[PDB]
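Presented below is the structure to which this report refers.
Each reported figure results from applying straightforward, stated rules to the coordinates on display, with no laboratory input. Quick reminder, even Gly has a Cβ in these numbers, built from the backbone with ideal geometry, and neighbours come from all protein chains shown.
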Ligand SMILES: CCc1nnc(NCc2ccc3[nH]ccc3c2)s1
């Protein structure tokens, strides 16, 4: 399959990304609590449902929530202000809450069954969100003595996600909380790392890790 791109809603961020986030790729966004990672996730869950002329892929979405932060009301707001029908947009998001890191891993296997079911339809899965990818792994494997096993489980989880992205032509989008009092970047595992932070006057700033884009959080999700 060719590489598809999903617009983020921000022309600034799209330019930094070369057009949007890529299918057949894992995009990892990391930053402090409150930097706006979940707002970018909510916006992408709407954008992917637009036609390609508007930066979408006419796609379905699968969302794995580890922290109870998915907000259907926010999806409705973004959809309404992107000229879509909010009921239709929500109908094409499949949502699940991961109870712990082992259940989170099983949900990715279940995701593959639904991906196969929609593969040959007019609304194939094009976006798989894991928000937040590391939180259960961090809370369940505390202490230096457990770090080796934590890394083992995380590496298998990421390999599973890599496989789905490439095999089924899906954009995988994962968030990761990293700050002074806790958090670890996903080493070299993601296809692409995006650092997100707050700036003066409520602006958000994005940089590619291994220019900068600037945008706001609005009723449209994010925008310049
Ligand atoms: C934990 C209870 C649920 N079981 N399923 C749900 N919603 C549908 C569903 C099923 C599998 C999934 N894999 C990733 C997202 C996703 C969504 S909610």
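Checking 113, 85 one by one, the residue that is more than 18 Å from the chain's Cα centre (by Cα) and within 16 Å of the ligand (Cβ to nearest atom) is 113 and no other.
Report those strands (runs of 3 or more DSSP E) wholly inside segment 174-224 carrying at least 1 residues which are closer than 14 Å to residue 34 by Cβ.
192-198, 204-209, 213-218
A quick yes/no check of all residues on (1) buried (at least 21 other Cβ atoms within 10 Å of the Cβ); (2) under 14 Å from the mean Cα position of the chain (by Cα); (3) in a helix (DSSP H, G or I):
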residue: 30; (1), (2), (3): yes, yes, no
residue: 41; (1), (2), (3): yes, yes, yes
residue: 69; (1), (2), (3): no, yes, no
residue: 74; (1), (2), (3): no, no, yes
residue: 106; (1), (2), (3): no, no, yes
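Checking the structure you have, find out if any residue of segment 91-102 is more than 12 Å from the ligand (Cβ to nearest atom), in a helix (DSSP H, G or I) and within 14 Å of residue 41 (Cα to Cα). Within segment 91-102 (the criterion being more than 12 Å from the ligand (Cβ to nearest atom), in a helix (DSSP H, G or I) and within 14 Å of residue 41 (Cα to Cα)), the answer is no, since none of the residues qualifies.
Can you say whether residue 139 is out of contact with any strand residue (DSSP E or B) (no Cβ under 6 Å at 6 or more places or on another chain), buried (at least 16 other Cβ atoms within 10 Å of the Cβ) and not in a strand (DSSP E or B), as far as the supplied structure shows? No; evaluated as a whole, the condition is false for this residue. Each residue in segment 43-67 was checked for being part of a loop (DSSP other than H, G, I, E, B) and more than 13 Å from the ligand (Cβ to nearest atom), and 10 of them qualify. Yes or no: residue 121 within 23 Å of residue 192 (Cβ to Cβ) and more than 11 Å from the ligand (Cβ to nearest atom)? No, not satisfied. Would you mind stating whether residue 59 is on the phi > 0 side of the Ramachandran plot, surrounded by 22 or more Cβ atoms within 10 Å (Cβ to Cβ) and touching a strand residue (DSSP E or B) at 6+ places or on another chain (Cβ under 6 Å)? Criteria not met by residue 59.
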